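Report on the structure given below.
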Amino acid sequence: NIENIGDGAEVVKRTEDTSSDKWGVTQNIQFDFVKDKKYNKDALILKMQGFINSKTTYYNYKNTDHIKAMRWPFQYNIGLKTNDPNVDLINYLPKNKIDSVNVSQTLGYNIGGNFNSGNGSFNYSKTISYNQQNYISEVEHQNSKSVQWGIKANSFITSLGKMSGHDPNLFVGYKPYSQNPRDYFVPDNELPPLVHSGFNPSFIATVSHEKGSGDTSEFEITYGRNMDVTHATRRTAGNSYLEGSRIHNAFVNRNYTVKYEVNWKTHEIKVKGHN
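Laid out in structure tokens, this is it:
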């Protein structure tokens, strides 16, 4: 679909969808080519959406009756890179450390290659919107060829008051005598959506390409998680309770990576490969 955005400019919209049962990921990518006569560069707006399954599991610790485990996502990973020397990452959203429950931001474009991370005054716009209850979003790394976000366990309200994402007693349950590993941890109504279900990413990246320097560019988009393990141990003025201990970053970069090829002249998208 083509959208006129004013005098001598239009936007060509394309979409690519890929899922992985191996990683528990759906990448829904929107590629919006900005074709403007008044802008000396080819420009692409990437809206990265979809789903990253939390893959939260509860299992018994070995051959014990009293140590049970919760493997859960400490952090979600969102990354974008290019290997094209003619392509520059010019902007991305969210840009700064944000801890609000809902992250809702707008990228605005104006004829002449003017991008603003602030609608109606613009010729074109794209909006990101995602929930990250109890998590914080931040840029882990960035350069002219890449941007990487971390959406990590941050602040939680528990039965023992406020807890950090690093507290070993985080998510520890109320049933020390149950044989069900799920019972050793707080119920789903006490867990944030990012733990019980997964993450619905909504991220933006704008890339610029030098006019007539090459018809194609490759982009690698990575969606994943880093898993923590919480062990809940039964402890025994004769009552029993549960105590947590943590293996932080027990499983890092459990990521689904997809390589996309973009054609700047034809506006066609191809999935080159994936893991």
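Taken in order, the sequence shown gives residues 3 to 120, 126 to 243, 246 to 284; the numbers are from the entry's author numbering.
For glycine and all other residues, C-beta sits at the position ideal for the given N, C-alpha and C.
Span of the beta strand (DSSP E) around residue i
i, result
"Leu91", "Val89 to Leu95"
"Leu201", "Not the beta strand (DSSP E): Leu201 falls in the alpha helix (DSSP H), residues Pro200 to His203."
"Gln140", "Element bounds for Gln140: n/a, residue is neither H nor E."
"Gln29", "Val27 to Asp38"
"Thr66", "Looking at the DSSP string, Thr66 is not in any beta strand (DSSP E), and its letter there is neither H nor E."
"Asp235", "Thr223 to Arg242"
"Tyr60", "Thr59 to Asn62"
"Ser171", "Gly168 to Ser171"
"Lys159", "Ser153 to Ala160"
"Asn116", "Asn116 to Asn118"
Cut-off 6 Å between Cβ atoms - residues of its own chain near residue i, not counting five sequence neighbours on either side
i, result
"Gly157", "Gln77, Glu145 and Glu147"
"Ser106", "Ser136"
"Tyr131", "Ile7, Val13 and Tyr111"
"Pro199", "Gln140 and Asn141"
"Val261", "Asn233"
"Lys99", "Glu145"
"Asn176", "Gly253"
"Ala11", "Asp38 and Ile113"
"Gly81", "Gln155 and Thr229"
"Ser22", "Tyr265"
Alpha-carbon to alpha-carbon, residue j and residue i
i, j, result
"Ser204", "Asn112", "38 Å"
"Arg16", "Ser249", "58 Å"
"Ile4", "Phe33", "12 Å"
"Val154", "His68", "43 Å"
"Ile47", "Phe210", "10 Å"
"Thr243", "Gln149", "49 Å"
"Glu18", "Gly120", "26 Å"
"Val202", "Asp86", "36 Å"
"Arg241", "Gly172", "22 Å"
"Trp273", "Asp101", "36 Å"
"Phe206", "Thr20", "16 Å"
"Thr134", "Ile164", "30 Å"
"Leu251", "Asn62", "14 Å"
"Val280", "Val267", "7 Å"
Same chain only: Cβ atoms within 8 Å of residue i, ignoring 5 sequence neighbours per side
i, result
"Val103", "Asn138, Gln139 and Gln140"
"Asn42", "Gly115 and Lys218"
"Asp235", "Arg73, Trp74, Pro75, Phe76, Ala160, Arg255, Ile256, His257, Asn258 and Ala259"
C-beta contact flag for residue i and residue j at 8 Å
i, j, result
"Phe129", "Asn93", "no"
"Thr213", "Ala45", "yes"
"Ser151", "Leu91", "yes"
"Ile228", "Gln29", "yes"
"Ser185", "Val89", "no"
Beta-carbon proximity list for residue i, same chain, < 7 Å, skipping 5 on both sides
i, result
"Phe192", "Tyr60, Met72, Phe178, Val179, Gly180 and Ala239"
"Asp190", "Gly180 and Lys182"
N- and C-terminal bounds of the alpha helix (DSSP H) containing residue i
i, result
"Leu46", "That residue, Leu46, is in no alpha helix (DSSP H); its beta strand (DSSP E) goes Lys43 to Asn55."
Backbone secondary structure at residue i - three-state DSSP
i, result
"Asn196", "helix"
"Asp190", "helix"
"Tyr250", "strand"
"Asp86", "coil"
"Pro75", "strand"
"residue 245", "Since the model of the chain includes 243 and then 246 but nothing between them, residue 245 has no atomic positions to report."
"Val103", "coil"
"residue 245", "Residue 245 falls within a stretch that is absent from the model, since the chain runs 243 to 246 with no residues between."
"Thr213", "strand"
"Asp174", "coil"
"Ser21", "strand"
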